[PDB]
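# A closer look at the structure
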Amino acid sequence: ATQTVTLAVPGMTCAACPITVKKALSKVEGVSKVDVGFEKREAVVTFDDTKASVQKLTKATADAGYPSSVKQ
């Protein structure tokens, strides 16, 4: 498939959480795109559910350095 979810990365590293998380989901695996929003420490990513999914998105920012979650 090809869907996009939002993620919760409360790392607030000051202009760093949204940089490391963005590249995390963008490189998670099947991701097709990614983004971030310091307005609520969350990262939004688009991808192909055939090779990835929310689980892998939160896992990408999670391996980036932030215990995050997802908003489906």
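Residues numbered from 1 in each chain as written, not as in the entry; some residues may be left out. Heavy atoms only, no water.

To keep it simple, the criterion reads: UniProt positions are given in the numbering used here, feature names are shortened, and annotations may be inferred rather than shown by experiment.
Looking at the PDB entry, one finds the protein named MERP, with Shigella flexneri as its source organism. Looking at the header, the entry is titled "STRUCTURE OF THE REDUCED FORM OF MERP, THE PERIPLASMIC PROTEIN FROM THE BACTERIAL MERCURY DETOXIFICATION SYSTEM, NMR, 20 STRUCTURES". According to its UniProt record, the protein has this under Sequence similarities: "Belongs to the MerP family."

### Digging into the sheet that holds strand β3 (residues 42–47)
The test is simple: DSSP bridges decide pairing: two strands pair if at least two such bridges lie between them. Each helix corresponds to a stretch of at least 4 residues labelled H or I by DSSP, and each strand to a stretch of at least 2 residues labelled E; elements are numbered beginning at the N terminus. Here a residue-residue contact requires only that any non-hydrogen atoms of the pair lie within 4.5 Å. Simply put, an axis is a line fit to the C-alpha atoms, just over the touching stretch for a helix, and the angle between two N-to-C directions goes from 0 to 180 degrees.
One open sheet holds the four strands; their spatial order is β2-β3-β1-β4, and the pairing between them is antiparallel. If you trace the sheet from one side to the other, it starts and ends with β2 (31–37) and β4 (69–70), each paired once. Inspection of the sheet shows strand β1 (residues 3–8) paired to β3 by six bridges, in the antiparallel sense. Opposite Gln-3, over in β3, you have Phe-47 as the bridge partner. Packing of helix α1 (residues 17–26) onto the sheet brings it into contact with β1, β2 and β3, and relative to β2 it is tilted by some 165°. Lying over the sheet, helix α2 (residues 54–64) contacts β1, β3 and β4, oriented at roughly 40° with respect to β1.

### With respect to the UniProt feature "binding site: Hg(2+)" in the protein
Cut-off, in case you're wondering: Buried, partly exposed and exposed residues are distinguished by accessible area as a fraction of the type maximum, computed with a 1.4 Å probe on protein chains only: under 20%, between the cut-offs, and over 50%, respectively.
With numbering matched to this structure, UniProt assigns "binding site: Hg(2+)" to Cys-14 and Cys-17. The topology assignment puts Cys-14 in the loop between β1 and α1. Taking relative accessible area as the criterion, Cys-14 reaches 67% and is therefore assigned exposed. Inspection of the secondary structure assignment puts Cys-17 in helix α1.

### A closer look at the pairing of β2
Along any regular strand the residues' side chains alternate between the sheet's two faces. Relative to β3, β2 runs antiparallel, the two sharing six bridges. Counterpart to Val-36 in the pairing with β3 is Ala-43. A loop of four residues connects β2 with β3, the two strands running antiparallel in sequence, and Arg-41 in this loop sits at a positive phi of about 40°.

### What about the environment of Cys-17?
On the basis of relative accessible area, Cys-17 is assigned to the buried category, the value being 1%. Ignoring any residue separated from it by four or fewer positions in sequence, one finds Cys-17 in contact with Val-9, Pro-10, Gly-11, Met-12, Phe-38 and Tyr-66.

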